[PDB]
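Below, in structure tokens: the form deposited in one PDB entry, a single chain.
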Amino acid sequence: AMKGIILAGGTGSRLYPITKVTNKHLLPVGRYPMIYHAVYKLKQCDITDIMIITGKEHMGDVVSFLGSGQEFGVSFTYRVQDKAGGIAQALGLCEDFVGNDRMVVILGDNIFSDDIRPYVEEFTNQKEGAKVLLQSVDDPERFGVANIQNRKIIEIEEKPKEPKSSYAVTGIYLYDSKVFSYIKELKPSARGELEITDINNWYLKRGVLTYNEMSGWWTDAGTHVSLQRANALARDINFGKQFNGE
């Protein structure tokens, strides 16, 4: 089987004061809270076993919205992310939840048009490793950047000052269970310094990373400008009576 993981932690400071009290991932994006989008993408892949990671202070509001998943035809489990570490350390918390299965990890503020199903199906037919999804963007300096040559990723660089390409590595990662070994057997405070790019480069060096360029639009929702854009793009998105309630 295939497990789903949504990373909804973070300070959301980029968005203060709107996120003074509210968690970024509960802010509107179209007619739905940001996080709904991630839940919908996974549901459309028949990935119903989902783990939600978020901060201690915001778990109440997240759970109030998501509940057990009954109302969305899915099933949620929650873990708390602590003050220290970021996106990479948060993934470690899912080791037991995943077990020997495979993963689709979606950073909560990554909103996009594409059904991820086709990429999940390819990954399912991939003997081992990982898969990243790329999106060509205007300001690659803000993201992880894929350096592609002759249809192969030679290197990934986090926030490069002078980008080698414009292919941003989106926050949708497909991983096998070996990712936990890398993190798990790091270590120790080196795991606090770890970034998702390092994990991706680890698969790359081992020669088991694959990639696909996404078709539709994509955007993060972590700044006022990008949050607004996400709302413009999401205006007409409709998830059906199951997500419209109630």
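What we label the rigid core is the largest C-alpha set whose atoms superpose within 1.5 Å from one form to the other. Quick note: we count residues from 1 along the sequence shown, nothing fancier.
Taking the mean C-alpha B-factor of each stretch as recorded, 188-196 and 31-39 are not equal, and the higher mean is that of 188-196.
Mean C-alpha B-factor is higher over 179-187 than over the other stretch, the pair under comparison being 201-209 and 179-187.
Among 231, 11, 238, 223, the highest C-alpha B-factor recorded in the PDB entry belongs to 11.
Per the PDB record, residue ranking by Cα B-factor puts residue 119 in the highest third of the chain. Sort the chain's modelled residues by C-alpha temperature factor and residue 72 lands in the middle third, per the entry. Annotation for residue 219: CA B-factor lies in the middle third of the chain's modelled residues. Looking at the C-alpha B-factors along this chain, the one for residue 128 belongs to the highest third. Ranked within its chain, residue 156 lands in the highest third, by CA B factor from the PDB record.
Not pictured, yet referred to below: the form deposited in another entry.
With the rigid core aligned between this form and the one not shown, the listed residues 184, 206, 31, 178 include just one Cα displaced by at least 2 Å, namely that of 184. In this overlay on the rigid core, residue 61 has a C-alpha that sits less than 2 Å away from its partner position between this form and the one not shown. Relative to the superposed core, residue 195 shifts its CA atom by less than 2 Å between this form and the one not shown. Relative to this form, residue 190 and residue 77 separate from one another in the other form, with their C-alpha atoms ending up at least 3 Å farther apart. Relative to this conformation, a decrease of 3 Å or more in the Cα-Cα distance between residue 14 and residue 193 is found in the other form.
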